[PDB]
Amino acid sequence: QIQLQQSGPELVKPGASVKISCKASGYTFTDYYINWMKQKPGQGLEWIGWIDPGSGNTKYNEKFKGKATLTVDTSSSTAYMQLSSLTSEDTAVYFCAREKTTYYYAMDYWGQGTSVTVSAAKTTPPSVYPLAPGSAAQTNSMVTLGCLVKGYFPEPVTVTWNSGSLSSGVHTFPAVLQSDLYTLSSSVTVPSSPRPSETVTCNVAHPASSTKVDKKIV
């Protein structure tokens, strides 16, 4: 039951700062180092710095020093990392890994990472548009429909097909950034028998704007 739980989704704008967390459990927090890794959307993985929780002695990456400030909290078993003077080059996932310094030198466990998003300060509710074919023969059994969610910020979006009933055939695509907004689309393969005489309404949810939009496919 040894685990590390990080803070979660971060709400930041350029120039500001943010404090990432990483609580450790199931073991003595002070007799194990704590590294901090950064990961761009798909560029790779890199070391930022570690911190001895027995004595706040820290060691940073010369390339992240002067922006990263690791500070522990022996009040219980927590760890933090501050990122100051944020630029869009900081929008990424940050992991916090334990370490068996002495014998193995092996980074045992890891946190779930924290997605830090630093944008041009936008925030917009999506526009959901129903996707239905232009024709369809009865012989053409499996009918495919869709839901186009365009013009939103920030991630993520909760896309469902009926209310959670339609599980199989659901293909919810990865949102690709437009100019200053996100856009995704999902589709479902339904038999040619149900659709014509049965409703299909995708449930779109945007927590960031707190809006729920149901759109029937016709």
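Start at 1 and count along the sequence shown; that's the residue number.
Notebook entry, point to check: Comparing 135-143 with 111-119, where is the mean C-alpha B-factor higher?
Noted result: Higher of the two, by average CA B-factor, is 135-143.
Notebook entry, point to check: So 180-188 or 42-50, which one's hotter by mean CA B-factor in the entry?
Noted result: Looking at the recorded C-alpha B-factors, 42-50 comes out higher on average.
Note to self: Among the choices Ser197, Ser17, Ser25, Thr201, identify the one whose CA B-factor in the record is greatest.
What the structure shows: Going by the entry's C-alpha B-factors, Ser197 comes out highest.
Next item on the list: Specify which of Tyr103, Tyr80, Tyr94, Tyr129 carries the largest Cα B factor in the deposited PDB entry.
Entry: Highest C-alpha B-factor among the listed options: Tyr103.
Notebook entry, point to check: Ranked by Cα temperature factor within the chain, is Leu70 in the lowest third, the middle third or the highest third?
Noted result: Answer is lowest: the recorded C-alpha B-factor places it there.
Notebook entry, point to check: For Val157, does the deposited CA B-factor place it in the lowest, middle or highest third of the chain?
Noted result: As the PDB entry reports it, the C-alpha B-factor of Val157 lands in the middle third of its chain.
Margin query: Using only modelled residues of the chain, where does the Cα B factor of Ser210 rank: lowest third, middle third or highest third?
Written below: Top third by C-alpha B-factor.
Margin query: Split into thirds by Cα B-factor across the chain's modelled residues, where does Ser167 land: lowest, middle or highest?
Written below: It falls in the top third of the chain.
Checklist line | Cα B factor band for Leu4 (lowest, middle or highest third within the chain) | finding: Within its chain, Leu4 is a lowest-third residue by C-alpha B-factor, going by the deposited values.
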